[PDB]
Amino acid sequence: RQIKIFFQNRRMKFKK
């Protein structure tokens, strides 16, 4: 919900 959103912001946005 967020903790990943803090990482996803660098994992999925890393390949978005």
# chains A, B, ... in the order shown; residues from 1 in each chain; ligands from 1
>>> select_by_dssp(residues="chain A", states="helix (DSSP H, G or I)", output="JSON, numbers by chain")
{"A": [3, 4, 5, 6, 7, 8, 9, 10, 11]}
>>> decode(residues="chain A", atoms="N, CA and C atoms", output="tab-separated table (two decimals), in the first residue's frame")
chain	number	residue	atom	x	y	z
A	1	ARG	N	0.85	-1.23	0.00
A	1	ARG	CA	0.00	0.00	0.00
A	1	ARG	C	0.87	1.26	0.00
A	2	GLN	N	2.01	1.21	0.64
A	2	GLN	CA	2.89	2.40	0.68
A	2	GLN	C	4.35	1.98	0.76
A	3	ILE	N	4.72	1.26	1.78
A	3	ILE	CA	6.14	0.83	1.93
A	3	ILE	C	6.72	0.47	0.57
A	4	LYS	N	5.99	-0.28	-0.21
A	4	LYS	CA	6.49	-0.62	-1.56
A	4	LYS	C	6.40	0.61	-2.42
A	5	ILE	N	5.35	1.36	-2.26
A	5	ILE	CA	5.19	2.61	-3.04
A	5	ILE	C	6.43	3.46	-2.85
A	6	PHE	N	7.05	3.30	-1.72
A	6	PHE	CA	8.31	4.06	-1.47
A	6	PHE	C	9.43	3.40	-2.27
A	7	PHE	N	9.34	2.10	-2.42
A	7	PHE	CA	10.35	1.36	-3.22
A	7	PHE	C	9.86	1.26	-4.66
A	8	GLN	N	8.65	0.80	-4.86
A	8	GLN	CA	8.08	0.71	-6.23
A	8	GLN	C	8.40	2.00	-6.98
A	9	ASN	N	8.44	3.10	-6.27
A	9	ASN	CA	8.79	4.40	-6.90
A	9	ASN	C	10.20	4.30	-7.50
A	10	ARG	N	10.89	3.22	-7.20
A	10	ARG	CA	12.27	3.02	-7.72
A	10	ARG	C	12.41	1.63	-8.33
A	11	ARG	N	11.35	0.86	-8.35
A	11	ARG	CA	11.41	-0.51	-8.92
A	11	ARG	C	10.55	-0.55	-10.15
A	12	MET	N	9.34	-0.12	-10.01
A	12	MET	CA	8.42	-0.11	-11.20
A	12	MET	C	8.66	1.16	-12.00
A	13	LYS	N	8.93	2.24	-11.33
A	13	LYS	CA	9.24	3.50	-12.06
A	13	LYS	C	10.63	3.34	-12.68
A	14	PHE	N	11.33	2.34	-12.23
A	14	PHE	CA	12.69	2.04	-12.74
A	14	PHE	C	12.57	1.36	-14.10
A	15	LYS	N	11.40	0.88	-14.41
A	15	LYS	CA	11.19	0.21	-15.73
A	15	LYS	C	9.83	0.61	-16.30
A	16	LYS	N	9.18	1.54	-15.66
A	16	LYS	CA	7.85	2.00	-16.12
A	16	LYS	C	7.90	2.41	-17.60
